[PDB]
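Protein sequence lines, in the order shown, are assigned to chains B and A. Numbered per PDB author numbering, the first sequence spans residues -2 to 436. Numbered per PDB author numbering, the second sequence spans residues -1 to 436. For every residue, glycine included, the Cβ atom is placed at its ideal position computed from N, Cα and C. Below is one structure, written out as structure tokens, with a few remarks after it.
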Amino acid sequence: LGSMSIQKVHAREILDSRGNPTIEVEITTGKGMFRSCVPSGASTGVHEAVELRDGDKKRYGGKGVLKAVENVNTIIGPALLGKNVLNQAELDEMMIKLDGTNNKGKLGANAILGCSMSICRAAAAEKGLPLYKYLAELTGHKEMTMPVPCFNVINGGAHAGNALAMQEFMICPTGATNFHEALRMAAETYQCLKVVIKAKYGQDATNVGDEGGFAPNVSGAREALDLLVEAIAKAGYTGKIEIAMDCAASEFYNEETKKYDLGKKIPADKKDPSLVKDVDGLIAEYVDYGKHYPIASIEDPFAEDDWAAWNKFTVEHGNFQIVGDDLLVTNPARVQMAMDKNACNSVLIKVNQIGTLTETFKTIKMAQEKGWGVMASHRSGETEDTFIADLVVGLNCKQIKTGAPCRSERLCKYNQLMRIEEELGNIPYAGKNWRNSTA
Amino acid sequence: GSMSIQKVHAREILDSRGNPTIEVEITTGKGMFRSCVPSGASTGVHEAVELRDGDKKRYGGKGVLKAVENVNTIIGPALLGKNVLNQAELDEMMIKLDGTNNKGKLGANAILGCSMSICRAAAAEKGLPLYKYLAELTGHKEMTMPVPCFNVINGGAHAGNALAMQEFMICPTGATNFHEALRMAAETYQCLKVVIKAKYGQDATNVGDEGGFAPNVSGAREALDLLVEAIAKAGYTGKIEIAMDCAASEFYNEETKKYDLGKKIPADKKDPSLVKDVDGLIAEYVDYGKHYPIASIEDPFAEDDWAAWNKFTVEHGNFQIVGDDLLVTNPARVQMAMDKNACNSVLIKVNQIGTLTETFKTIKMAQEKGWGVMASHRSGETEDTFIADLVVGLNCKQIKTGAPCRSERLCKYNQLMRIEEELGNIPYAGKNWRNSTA
Ligand SMILES: O=C(O)[C@@H](CO)OP(=O)(O)O
Ligand SMILES: O=C(O)[C@@H](CO)OP(=O)(O)O
Ligand SMILES: [Mg+2]
Ligand SMILES: [Mg+2]
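Following this line, the structure appears as structure tokens:
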């Protein structure tokens, strides 16, 4: 019983970037108090660990987290008092067993994750290390790299009234030489995009979505991609910025007919029937985009359980980074399935989707051992917490998507990444290297 | 000793709009204290000016590498070894080091970052939370949780709609504590979002710089109707009031002395009565007030239309009339308003003056006159929560720091909740906005 021992655990309800309640957890040791805030997704894969919400329709539209907070204060916290914060896997497993359900739906994945993260922060202080460095040592990473940031810039799918099927288009400065330059390139390109959008779609078209990007009324993906090429060109960075696409294809998939409708939002009398695609037709569409635009990466190109489609795309078009999101939900068992089936070559990491840091590390290890890409990710409902910045560096993931360069729940991560780079001095930048290893 | 400045270091970060700003770290025996500075003006006639690089090829000329260099190589060395507890002495030292009235040599941004981090280091030296240290420093024996006022609808230069005014805010003056105030506003905002989607479409729920919506309304009445509807849907009629920021300088014609409430309306669709003289404008404001629960009006007239401000304040002595552009957090402008009886409330934007010491003085002047005092965000904010501790410790009783949306806004509201939780019994301002010396 010493400085490393938990003396106090306390949670409270705060508001996330969308203005909905979420939880923050504070853990106190001899090194001080350590705070973590938990994010939350606007739309969530059917397989995620589950956040506990109050369901009281008279309070915050039923989205309160008083129950999760009490769970921390009167259940998890009491069980953590006196324990050693250095024992990350032991404490995470203890909370998993308290809950007793595979989806963490009893105590709430949000309650558990908040404790998991603050335990980790307290431990880094105990070792006298910055968080990213503690994360590296905890996970056996002898090398660290600044990740390529991918910035949401144009929205579609369920997030916009435009005709655009895909959920988002991102810009990724793979050609930058360091992180502060990468951020500057994206910020400049984002401002050029804002100008182009204002001129073409009007002032109000530059108001922003949840993640800081724009939702102009484009006719489809080609018009959206043209806008990105135009902005990158105005910024002067052609050939140094690439494009990532998140299709979120489950959103426009018809399980019964096996069809993907790229015109779901288009009025019948204006709807090209060619927009309703079978897998081969959807594949050809993606390949066409790839031929005409610098698209490096495609996330959720097919529905969350269309394994055959994922496999075909992966072995027949492996030149793309192919990212499982809704497919994998940061869940090691899903990752194992995807590896056996050879269904993708990259995984998105959303910590709150699995609910503990220990399980997150395992997901990342599996991916890195296979040489898959690993992209740390924000949620639509973010907070002023910067944890994932340290996580992406410490675990050497090499990619992060955490928002447009707009809205501070996004900038706070990018600012932290710049600090980490400044502090390290001679840390390399990932550039066009996305595939991971366990080194 | 642990009070002595051992290290001063600044770097360039991005603000909530994606533009560069500065953050400053000061290290003492108590640890490292970081402050982020919100973005402000680099030009203008009365306010302190931030320093920008003006390199067109970098961040569109908006870099702050020069301000950063000023902190690291000029202000920092002048601070080394100094006692953080001496706020006024250090602020005055920096003011003299810059040597210009508007801090334009070193930059108000460079100076303020230092001022704030000195203050945080001092609070730690005294073993106090920031808000409490601030109260002690400024002689406030009583603290109050402020009424938060939240941006909800945008007009003027911030929207393509016909709405003349820059923004409407909602203010939960009928809440009983701060946690409840925030919830009321969050619920109302979500209700408004639903209403706007139904009436104007999904894309009309995308948000502006401060988290509010820009629905294509025809004018003030349509906007006010949406707010009253949202408030009723949330179930808080009579407990939420409306603040109107006209930013009237935006639609003032200096040659004709007219205020055009239809600047954005095409000539052939335009009601001719929309172009008003001062009396006509006053009449319009009075009419909104008769039909809607409007509790305050910010910049109702142009930034130098003293006669109009005085006329309005005299004819409505009891009603909150807030100076923003009129005053720019500037003690000399505040004094002029007091001499002319031009208004009865002041916005406080710390970066518009540049040091905490001068900020304390502007607030003190207003409190001695029984004026309203409203701590305010900037359009380009950061993840820094300083103004939350500031508004509580200085007993200002009002704060406007965004819609309940975008974390550069929520981080302040979240911090305000923490302060209330920590204090326990602290009163909520409610309908009491006029400050006092108590
Ligand atoms: O959908 C996504 O990929 C991400 C944000 O880019 O998260 P979310 O689930 O919360 O929307
Ligand atoms: O326009 C304004 O009146 C205010 C509102 O926050 O500030 P700024 O200059 O930051 O825009
Ligand atoms: Mg996705
Ligand atoms: Mg204003």
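What does the alpha-carbon distance come out to for the pair residue i and residue j?
i: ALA202/A; j: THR26/A; result: 49 Å
i: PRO425/B; j: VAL390/B; result: 11 Å
i: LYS195/B; j: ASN159/A; result: 14 Å
i: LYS237/B; j: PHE299/B; result: 28 Å
i: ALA173/A; j: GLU419/A; result: 16 Å
i: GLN318/B; j: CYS169/B; result: 13 Å
i: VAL312/B; j: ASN339/B; result: 8 Å
i: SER247/A; j: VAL332/A; result: 18 Å
i: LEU49/B; j: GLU10/B; result: 12 Å
i: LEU414/B; j: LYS268/B; result: 44 Å
i: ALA212/A; j: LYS197/A; result: 12 Å
i: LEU388/B; j: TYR129/B; result: 6 Å
i: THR357/B; j: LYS429/B; result: 24 Å
i: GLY287/B; j: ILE116/B; result: 44 Å
i: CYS189/B; j: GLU282/A; result: 40 Å
i: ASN349/B; j: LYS262/B; result: 30 Å
i: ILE93/B; j: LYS101/B; result: 7 Å
Can you say whether residue i is buried or exposed, counting buried as having 16 or more other CB atoms within 10 angstroms of its CB?
i: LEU78/A; result: exposed
i: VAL43/B; result: exposed
i: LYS255/A; result: exposed
i: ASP275/A; result: exposed
i: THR171/B; result: buried
i: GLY61/B; result: buried
i: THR435/A; result: exposed
i: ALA46/A; result: buried
i: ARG407/B; result: buried
i: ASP13/B; result: buried
i: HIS289/A; result: exposed
i: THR98/B; result: exposed
i: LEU392/A; result: buried
i: residue 442/B; result: A query on residue 442/B cannot be resolved here, the shown segment of chain B reaching from -2 to 436 and no further.
i: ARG181/B; result: buried
i: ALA265/A; result: exposed
i: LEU224/A; result: buried
i: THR235/A; result: exposed
i: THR186/B; result: buried
i: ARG219/B; result: exposed
i: residue 439/B; result: Chain B is shown only over -2 to 436; residue 439/B falls outside these bounds and no answer can be derived.
How many whole angstroms separate the CB atoms of residue i and residue j, which I take to be in contact at a CB cut-off of 8 Å?
i: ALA120/A; j: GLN164/A; result: With a Cβ gap of about 36 Å, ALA120/A and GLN164/A do not count as contacting.
i: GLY378/A; j: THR19/A; result: 7 Å
i: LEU279/A; j: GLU301/A; result: Not a contact, Cβ separation roughly 15 Å.
i: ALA76/B; j: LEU95/B; result: 6 Å
i: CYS341/B; j: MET372/B; result: Actually they do not touch by this definition, with Cβ atoms about 12 Å apart.
i: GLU21/B; j: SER37/B; result: Wrong, their Cβ atoms sit about 12 Å apart, outside the cutoff.
i: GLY16/A; j: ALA184/B; result: 5 Å
i: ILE351/B; j: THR383/B; result: Wrong, their Cβ atoms sit about 19 Å apart, outside the cutoff.
i: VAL205/B; j: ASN204/A; result: 6 Å
i: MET1/B; j: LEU83/B; result: 6 Å
i: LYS362/A; j: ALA386/A; result: Not a contact, Cβ separation roughly 20 Å.
Interface positions of the segment 407 to 418 of chain B facing chain A (Cβ-Cβ less than 9 Å), listed along the chain:
Cβ contacts with chain A come from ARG407, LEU408, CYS409, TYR411, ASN412, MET415, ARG416.
Going along the segment 179 to 194 of chain B in order, which residues come within less than 8 Å of chain A, judged by CB to CB distance?
For the segment 179 to 194 of chain B, which is checked against every Cβ of chain A, the residues closer than 8 Å are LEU180, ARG181, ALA184, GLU185, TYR187, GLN188.
Quick check: the segment 154 to 172 of chain B against the segment 241 to 255 of chain B, are there 3 or more CB pairs under 8 Å?
Yes: at least three Cβ pairs fall under 8 Å.
For the segment 56 to 70 of chain A and the segment 100 to 108 of chain A, state whether three or more C-beta atom pairs, one from each stretch, are separated by less than 8 Å.
Segments in contact, yes.
Counting only Cβ-Cβ distances shorter than 8 Å, please list the residues of the segment 360 to 388 of chain B near chain A, keeping chain order.
From the segment 360 to 388 of chain B, only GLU379, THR380, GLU381 have a Cβ closer than 8 Å to chain A.
Mind checking the segment 127 to 157 of chain A against chain B and listing, in chain order, the residues whose C-beta falls within less than 8 Å of any C-beta there?
Going along the segment 127 to 157 of chain A in chain order, one finds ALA157 with a Cβ nearer than 8 Å to chain B.
Does the segment 141 to 153 of chain B touch the segment 393 to 405 of chain B, meaning 3 or more C-beta pairs lie closer than 8 Å?
Because the criterion of three Cβ pairs below 8 Å is met, the segment 393 to 405 of chain B and the segment 141 to 153 of chain B touch.
Pair every Cβ in the segment 127 to 142 of chain A with every Cβ in the segment 411 to 430 of chain A, then say whether three or more of these pairs are closer than 8 Å.
Segments in contact, yes.
Chain A contacts made by the segment 57 to 84 of chain B, where a contact means CB separation under 7 Å:
Here the close residues are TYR57, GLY58.
Mind checking the segment 10 to 24 of chain B against chain A and listing, in chain order, the residues whose C-beta falls within less than 9 Å of any C-beta there?
Answer in chain order: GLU10, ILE11, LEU12, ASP13, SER14, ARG15, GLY16, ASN17, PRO18, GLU21.
Output, in sequence order along the chain, the residues in the segment 392 to 407 of chain A whose CB is closer than 9 Å to any CB in chain B.
For the segment 392 to 407 of chain A, residues whose beta-carbon sits nearer than 9 Å to a beta-carbon of chain B comprise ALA401, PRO402, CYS403, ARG404, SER405, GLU406, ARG407.
Which of the residues in the segment 194 to 212 of chain B, read from start to end, lie with their CB under 7 Å from any CB of chain A?
Only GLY199, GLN200, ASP201, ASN204, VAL205, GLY206, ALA212 from the segment 194 to 212 of chain B bring a Cβ to less than 7 Å from some Cβ of chain A.
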